[PDB]
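The residues making up each chain are set out below.
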Amino acid sequence: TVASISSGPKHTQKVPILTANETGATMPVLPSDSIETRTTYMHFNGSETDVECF
Amino acid sequence: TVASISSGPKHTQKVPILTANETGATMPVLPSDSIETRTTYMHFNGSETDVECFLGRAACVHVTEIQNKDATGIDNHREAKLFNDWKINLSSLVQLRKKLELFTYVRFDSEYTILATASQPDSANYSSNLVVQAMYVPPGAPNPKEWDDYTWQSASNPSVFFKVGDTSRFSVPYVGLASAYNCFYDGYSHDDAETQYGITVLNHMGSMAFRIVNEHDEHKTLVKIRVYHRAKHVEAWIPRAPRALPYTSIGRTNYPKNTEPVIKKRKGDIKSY
Amino acid sequence: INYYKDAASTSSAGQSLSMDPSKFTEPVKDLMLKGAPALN
Amino acid sequence: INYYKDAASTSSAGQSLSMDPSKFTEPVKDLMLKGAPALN
Amino acid sequence: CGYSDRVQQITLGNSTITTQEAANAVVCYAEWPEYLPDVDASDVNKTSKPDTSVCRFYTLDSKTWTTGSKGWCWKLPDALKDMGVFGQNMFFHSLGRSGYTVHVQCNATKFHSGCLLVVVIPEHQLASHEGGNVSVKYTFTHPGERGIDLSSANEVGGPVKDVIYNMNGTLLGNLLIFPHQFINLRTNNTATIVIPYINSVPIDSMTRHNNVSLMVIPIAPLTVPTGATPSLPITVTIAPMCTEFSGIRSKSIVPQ
Amino acid sequence: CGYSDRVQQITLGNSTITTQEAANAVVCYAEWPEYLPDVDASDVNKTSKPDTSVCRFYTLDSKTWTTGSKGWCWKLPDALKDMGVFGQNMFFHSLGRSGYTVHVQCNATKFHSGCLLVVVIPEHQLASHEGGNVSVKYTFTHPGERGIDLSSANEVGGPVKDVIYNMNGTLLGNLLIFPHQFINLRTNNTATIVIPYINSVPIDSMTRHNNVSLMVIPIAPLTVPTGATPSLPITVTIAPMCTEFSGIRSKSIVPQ
Amino acid sequence: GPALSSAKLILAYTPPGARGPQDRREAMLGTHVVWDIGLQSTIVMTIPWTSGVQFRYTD
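Along each chain, residues carry numbers from 1 upward in sequence order, and these need not match the entry's numbering; residues missing coordinates do not appear. Chain labels run from A onward and ligand labels from 1 onward, assigned in the order the entries are written. For clarity, the chains displayed are a part of a larger assembly, and the values are limited to that part. With hydrogens and water excluded, all non-hydrogen atoms of the structure serve as input to the side-chain values.

As recorded in the entry header, the structure was determined using cryo-EM to a resolution of 3.6 Å.

Written out as structure tokens, the structure reads:
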């Protein structure tokens, strides 16, 4: 599973970093949406954070 | 598998015994290259020399004494030996430290085995049935401050309880932040003129706190707790030059001033046997 | 292998592997896609 | 037979049977065969 | 089948090194230096690869090998912190990763005698001369291009200078386990060692940590012919190779 | 068909610029910046392309637009000579080539009135105020990030500061032939101009020559509401784009 | 602030190893988002994972 996707320069009329937190929704904005990133993997499943483990 | 091949007389312009060690290569010259040999077999696999076998047997890493006595009239329960703390590191015992410090990076699963033994140097009529608590305090968790502190409740911290005289044993996965433990670090905590060199949170496994959970009695019993560590699933990288001189501190490469010679001087000249 | 009759005797179920934070992060009536204006 | 859930609970893996000392004994750019002149 | 092996040349960027008395170059652990792959990466910032602007040979100030010189020690990448664009990028980026092609040169006549052990030690963690639990100060472990002279006297808060104990408690005869080459004046004028990135992490701080330490130690002492100067010049040439930089930020502040 | 055009965002390297009152960005001569092709190249040294390490937005010190301010002038690449790795590479290489994404910002309330002409002039060769055959000294033509204030007094060996005559003998109303955008406070808070490499040669000296000159000139004077401060802040943001460097050499020496 | 009010702000993240920034020119040298306050009332700047080591301590 990919953690960060490969992403280059951005020149667009769609701006993912601007929103209205007044709606009560926390937008799923990623590191790739504010700056240019490389492809990396999660290489982690999150078993120690399960409600059964906590 | 053949150890030595069958080999007869040699008359050739190719000379395998002459080389240039200046190249940094150690040529794989065999007994069959210098004299005439017979065919023999290895009849050995080398299982006892595997890195998993060389590092995979138990060795003591810490020894500590704790006491069951009343906490009245004491300001420090750790200085009264009512509970004791161990900064987790495998560098306190030189027999284990030299084996492990022979590599630059090592990644392994741990297996701790704790042996608690009782002693009554003062007057006691019976062998008390004491229960010891070993509590793992990872970095950030509150280290116990008193033998009856709220921290010992251990709502999330791993904790083990066992009878004195017997033993406890629990496995621990690889806990390092990096992909392998750093046995050596040529660097600092931050870019500072007075900061610590080598010893840094790269070698910070956490702490272990030890107490007698049983209440205090009329007689004083000294309990020596001995921690043994045995490595499993061992991987090692970058083999290193072996340690020669005695050590002086945990996590640092220092040696004593005025140290004795390590080369065993010969009796007679360079020609004696 | 289970050594007892009751389900309460069993060990943990491990982890619930299918997760979805959207029901807590974006519990909104109309669906909002990132990059499009939140309001218009 | 493994009696626990974690890989850290397991016994040793035995031995890594495929060995190759060449990466430590001869870490040289050009490959050198014994009997031929090391330098020419 | 007519050819020679002593003649080899390395061209990196706009610099070219030529040789006529070389021993086969060494590649540490038989692994050529390479860029960080996606399957090992941790930081998500896309890495800056400056190619020919930093991947070229830099000559460090020559040292003078006398009959009483004990040896010399350099730390990387610290030794290249004032070298062109590599030195600036190394301070302008928070994290960096790089391999190196080290080339040591010591030329002499057919009458001179002596042998140098050129060896690269990963995490060559130094010991202080004061013993006990004393730490080596940042300023003595990060000297830059002038390196550490093992012939000099010990200093307060500094590392120990006994070359035989490798400044860390191991004997000199055992350094041959690390990637090494000998400059035997009778056979060679140059040692060459290609180093890949050696660390337990994929990319790391270049200002707080030295990945490798280069040591040049005379084993057989310099023996000059009757009437020649009892000194010989040693020049060390290092080129960053397969270099990666990540996390650009304001210029980094270090002691001194 | 429901959408808006005033919201646009530009991400270069690790920097992101966002806007809510933008006019459509301008691309000089409808040509997006690009790397030098082999069919036009002259110098044979292979070019260093630093990508995300230099291709990002740098903010220049804000200027204060008052009711009596005449205008402002910046020279490129001179204005970026102290900006991170771009500033160092620009002095460590003998030749360089680069495009730029200029973004000028001046925000105000719905009661403010005024209009700025943001224009890019290739080879904006300045005139001295002394007339005759007097030359403009290097130190006045290469000010760096603080730029040239056209509201200030004239200086010995300096350029002329009459904004109406564009500091070169042309009238201000004719500057609209060059790639330009207006920041009309009633309509916009930001001007944006993407510039390709403009020169008669494929690559050139970055220390001796300024390829373009950015001018921000208030046409309609700043009119603040009754009781507001008679001043407004202007911030200029510039990002090198499609940058090429060639001919690495010791660090370049310039006046002052 | 009011609907007729306006402001342009620069959010700047400085990776470790470098001093805490003393000026906008120093902060703008690092990871940054220029935010124009307008119809969209909220900005969302994601701090990219910048580390050599795979895990950092919470303490």
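Draft legend 1. Just helix α1 (residues 84–92) of chain E, in detail. Burial analysis of α1 of chain E places 9 of its 9 residues in the buried class, the great majority of the element. Between buried and exposed lies partly exposed: a residue is buried under 20% and exposed over 50% of the maximum accessible area for its type, with that area taken using a 1.4 Å probe on protein chains only. What counts as a helix is a DSSP run of H or I of at least four residues, what counts as a strand is a run of E of at least two, and both are numbered from the N terminus. Those residues of α1 of chain E not exposed but buried are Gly 84, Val 85, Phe 86, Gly 87, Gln 88, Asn 89, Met 90, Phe 91 and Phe 92 of chain E.

Draft legend 2. Fine view of the arrangement of the chains. Across the 14 pairs of chains that are in contact, the largest number of contacts falls between chains B and E. Only heavy atoms enter the contact rule, under which two residues are in contact if any of them lie within 4.5 Å. Contact between chain C and chain E is absent, and the least distance between their C-alpha atoms amounts to 20 Å. Contact between chain D and chain F is absent, and the least distance between their C-alpha atoms amounts to 27 Å.

Draft legend 3. Geometry of the nonpolar core. Residues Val 104, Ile 195, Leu 214 and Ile 238 of chain E are the most contacted members of the largest nonpolar core, which totals 80 residues. Top contributing element to this core by residue count: strand β7 (residues 113–122) of chain E, with 7 residues. Beyond its immediate stretch of four places on either side in the chain, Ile 195 of chain E contacts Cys 28, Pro 33, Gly 99, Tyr 100, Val 102, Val 120 and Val 212 of chain E. Core analysis: the second largest hydrophobic core is formed by 41 residues, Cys 28, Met 83, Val 120 and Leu 185 of chain F among them. The definition of a nonpolar core used throughout is a set of buried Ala, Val, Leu, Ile, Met, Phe, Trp, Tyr and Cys residues joined through side-chain atoms within 4.5 Å.

Draft legend 4. How the structure looks around the environment of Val 254 of chain E. One can find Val 254 of chain E in the segment after β12 (231–248). Along the backbone, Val 254 of chain E and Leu 222 of chain E are 32 residues apart, and their C-alpha atoms lie at a distance of 38 Å. Ignoring any residue separated from it by four or fewer positions in sequence, one finds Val 254 of chain E in contact with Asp 191 of chain B together with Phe 91, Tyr 138 and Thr 207 of chain E.

Draft legend 5. Expanded view of the sheet that holds strand β12 (residues 231–248) of chain F. Residues and elements named next belong to chain F. What the 5 strands build is an open sheet, ordered β3-β10-β6-β12-β4; its pairing is mixed. Either end of the sheet is taken by a strand with one partner, and the two such strands are β3 (26–27) and β4 (58–66). Here β4 runs beside β12; their pairing, made up of 7 bridges, is antiparallel. Counted as the bridge partner of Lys 63 is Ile 234 from β12. Being paired, for any two strands, means DSSP has found at least two bridges between them.

Draft legend 6. Here's a closer look at the interface of chain E and chain B. Across the contact, 52 residues belong to chain E and 43 residues belong to chain B. In this assembly, chain E packs against chain B so that about 4,100 Å² is buried in total across both faces, 56% of it on carbon and sulfur atoms. Per-residue buried area on chain E facing chain B is highest for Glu 123, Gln 125 and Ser 200 of chain E; these three make up 18% of the total on that side. Salt bridges are defined by distance alone: a side-chain nitrogen of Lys or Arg within 4 Å of a carboxyl oxygen of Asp or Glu. Applying the counting rule to chain E against chain B returns 1 salt bridge. By convention, the term buried area covers the 1.4 Å-probe accessible surface removed from two parts as they join, with the contributions of both added.

Draft legend 7. A look at unusual backbone geometry. Residue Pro 77 of chain E follows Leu 76 of chain E across a cis peptide bond; omega there is 0°. In this structure, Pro 77 of chain E sits in the loop between β5 (72–76) and α1. One non-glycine residue, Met 167 of chain E, lies in the positive phi region at around 60°. Looking at the secondary structure, you find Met 167 of chain E in the loop between β8 (148–149) and β9 (180–184). Judged by its relative accessible area of 0%, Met 167 of chain E is buried. Residues other than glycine seldom take positive phi values, yet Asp 51 of chain F does so here, at roughly 40°.

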